[PDB]
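Visitor: For reference, the structure I am asking about is given below.
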Amino acid sequence: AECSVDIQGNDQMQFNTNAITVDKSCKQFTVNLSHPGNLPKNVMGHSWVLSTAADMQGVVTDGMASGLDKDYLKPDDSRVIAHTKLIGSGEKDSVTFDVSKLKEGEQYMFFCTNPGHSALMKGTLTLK
Ligand SMILES: [Cu+2]
C-alpha cells in the first residue's frame with residue numbers, strides 16, 4: 001500500500017502511530033483513519049488534521065472553537081494542509097492531498113482537534 005497510510009484513533013485517545021512517512025514519489029498521499037472501540041462521536045471522537053508544527057496550536061484552538069457541528073475545525077482554515085472528518089467508534093474516514101504542498105525545511109504534524117485530544121493525539125509527518 002504505497003502512497004497511503006492506515007491509522008487508528010481509539011477509545012483511549014491514542015493514534016497507533018506518531019510518525020507518518022510520505023514517499024517523495026507520490027503526487028498524492030491518502031490517509032485512511034478508523035476508530036476501533038465502542039465510544040461514540042460525542043464522547044471519543046477523532047479526526048486527522050495536517051499542518052506545519054508551528055501552525056498546529058492556532059489550528060487546534062480555532063478548531064476547538066469550531067464546535068462538534070463543524071467537526072471541531074475552522075472551515076477552510078488556511079493553515080490546514082489536509083484533514084479527515086471527525087469520527088466515532090465503528091466509523092471510518094479517508095482523505096487525499098497533494099504531496100507538492102509538503103514544502104522543504106518545513107516541519108509537519110498530524111493531530112486530532114477534538115477538545116482535550118491534540119496534546120496526546122499528535123505525531124510528525126515527514127516527506128522522505
Ligand atoms: Cu481525537
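Letters for chains follow the order of the C-alpha cells (A, B, ...), residue numbers begin at 1 for each chain, and ligand numbers begin at 1 in the order shown.
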Would you name the residues within 10 Å of ligand 1, counting only C-alpha atoms and all ligand atoms, and put them as a PyMOL selection string?
Guide: chain A and resi 9-15+35+41+43-48+86-88+111-122
Visitor: If you take only C-alpha atoms and a cut-off of 12 Å, which residues of segment 23-94 of chain A touch segment 98-104 of chain A, and what are their nearest atom pairs and distances in Å to one decimal, in chain and number order, as CSV?
Guide:
```
residue,atom,partner,partner_atom,distance
A:23,CA,A:99,CA,8.9
A:24,CA,A:99,CA,7.6
A:25,CA,A:99,CA,8.7
A:26,CA,A:99,CA,6.6
A:27,CA,A:99,CA,5.4
A:28,CA,A:98,CA,4.6
A:29,CA,A:99,CA,6.3
A:30,CA,A:98,CA,9.2
A:31,CA,A:98,CA,12.0
A:50,CA,A:102,CA,10.1
A:51,CA,A:102,CA,9.3
A:52,CA,A:102,CA,9.1
A:79,CA,A:101,CA,11.3
A:80,CA,A:101,CA,10.7
A:81,CA,A:101,CA,7.2
A:82,CA,A:98,CA,8.9
```
Visitor: From the set A:17, A:84, A:78, A:89, which residue has the shortest atom-to-atom contact distance to residue 42 of chain A, counting only C-alpha atoms?
Guide: A:89
Visitor: Can you work out which one of A:127, A:68, A:3, A:34 has the shortest atom-to-atom distance to residue 106 of chain A, counting only C-alpha atoms?
Guide: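 Selected residue with least distance to residue 106 of chain A: A:127.
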Visitor: I'd like to know which residues of segment 25-96 of chain A are alpha helix (DSSP H) (by DSSP, run on the backbone); could you write them as a list in words?
Guide: residues 41, 42, 43, 44, 56, 57, 58, 59, 60, 61, 62, 63 and 64 of chain A
Visitor: With N, CA, C and O atoms retained, write the just-selected residues as a PDB file, in the first residue's frame.
Guide:
```
ATOM      1  N   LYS A  41     -19.086   9.397  18.723  1.00  0.00           N
ATOM      2  CA  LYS A  41     -18.647  10.677  18.209  1.00  0.00           C
ATOM      3  C   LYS A  41     -18.613  11.744  19.286  1.00  0.00           C
ATOM      4  O   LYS A  41     -17.629  12.475  19.423  1.00  0.00           O
ATOM      5  N   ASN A  42     -19.667  11.879  20.089  1.00  0.00           N
ATOM      6  CA  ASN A  42     -19.659  12.972  21.071  1.00  0.00           C
ATOM      7  C   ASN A  42     -18.836  12.645  22.308  1.00  0.00           C
ATOM      8  O   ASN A  42     -18.675  13.473  23.208  1.00  0.00           O
ATOM      9  N   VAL A  43     -18.302  11.429  22.380  1.00  0.00           N
ATOM     10  CA  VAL A  43     -17.632  11.002  23.610  1.00  0.00           C
ATOM     11  C   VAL A  43     -16.154  10.718  23.381  1.00  0.00           C
ATOM     12  O   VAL A  43     -15.353  11.125  24.215  1.00  0.00           O
ATOM     13  N   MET A  44     -15.827  10.054  22.281  1.00  0.00           N
ATOM     14  CA  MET A  44     -14.436   9.802  21.934  1.00  0.00           C
ATOM     15  C   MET A  44     -14.270   9.978  20.424  1.00  0.00           C
ATOM     16  O   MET A  44     -13.967   9.023  19.720  1.00  0.00           O
ATOM     17  N   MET A  56       0.132  24.394  14.201  1.00  0.00           N
ATOM     18  CA  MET A  56      -0.708  23.428  14.906  1.00  0.00           C
ATOM     19  C   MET A  56      -1.587  23.997  16.014  1.00  0.00           C
ATOM     20  O   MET A  56      -2.792  23.718  16.079  1.00  0.00           O
ATOM     21  N   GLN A  57      -1.023  24.787  16.925  1.00  0.00           N
ATOM     22  CA  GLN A  57      -1.795  25.274  18.065  1.00  0.00           C
ATOM     23  C   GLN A  57      -2.874  26.264  17.669  1.00  0.00           C
ATOM     24  O   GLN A  57      -3.962  26.316  18.244  1.00  0.00           O
ATOM     25  N   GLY A  58      -2.622  27.097  16.656  1.00  0.00           N
ATOM     26  CA  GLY A  58      -3.685  28.028  16.253  1.00  0.00           C
ATOM     27  C   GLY A  58      -4.818  27.234  15.637  1.00  0.00           C
ATOM     28  O   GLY A  58      -5.987  27.580  15.784  1.00  0.00           O
ATOM     29  N   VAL A  59      -4.430  26.149  14.967  1.00  0.00           N
ATOM     30  CA  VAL A  59      -5.399  25.290  14.300  1.00  0.00           C
ATOM     31  C   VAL A  59      -6.229  24.514  15.319  1.00  0.00           C
ATOM     32  O   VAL A  59      -7.434  24.382  15.138  1.00  0.00           O
ATOM     33  N   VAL A  60      -5.579  24.025  16.369  1.00  0.00           N
ATOM     34  CA  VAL A  60      -6.308  23.337  17.428  1.00  0.00           C
ATOM     35  C   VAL A  60      -7.237  24.289  18.172  1.00  0.00           C
ATOM     36  O   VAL A  60      -8.359  23.930  18.538  1.00  0.00           O
ATOM     37  N   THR A  61      -6.780  25.509  18.420  1.00  0.00           N
ATOM     38  CA  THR A  61      -7.535  26.454  19.238  1.00  0.00           C
ATOM     39  C   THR A  61      -8.767  26.960  18.501  1.00  0.00           C
ATOM     40  O   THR A  61      -9.855  26.929  19.089  1.00  0.00           O
ATOM     41  N   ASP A  62      -8.602  27.390  17.254  1.00  0.00           N
ATOM     42  CA  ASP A  62      -9.744  27.820  16.448  1.00  0.00           C
ATOM     43  C   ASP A  62     -10.597  26.631  16.028  1.00  0.00           C
ATOM     44  O   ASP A  62     -11.804  26.734  15.813  1.00  0.00           O
ATOM     45  N   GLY A  63      -9.985  25.455  15.902  1.00  0.00           N
ATOM     46  CA  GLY A  63     -10.787  24.270  15.628  1.00  0.00           C
ATOM     47  C   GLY A  63     -11.736  24.011  16.795  1.00  0.00           C
ATOM     48  O   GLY A  63     -12.942  23.894  16.600  1.00  0.00           O
ATOM     49  N   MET A  64     -11.153  23.939  17.984  1.00  0.00           N
ATOM     50  CA  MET A  64     -11.894  23.758  19.227  1.00  0.00           C
ATOM     51  C   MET A  64     -13.088  24.710  19.267  1.00  0.00           C
ATOM     52  O   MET A  64     -14.174  24.302  19.668  1.00  0.00           O
TER      53      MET A  64
END
```
Visitor: I need the strand (DSSP E) residues of segment 22-120 of chain A per DSSP on the backbone, written as a ChimeraX atom specification.
Guide: /A:22,28-34,49-52,82-83,92-98,108-111
Visitor: Using Å and a single decimal, report how far atom CA of residue 128 of chain A sits from atom CA of residue 55 of chain A.
Guide: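 Calculated distance between atom CA of residue 55 of chain A and atom CA of residue 128 of chain A is 21.0 Å.
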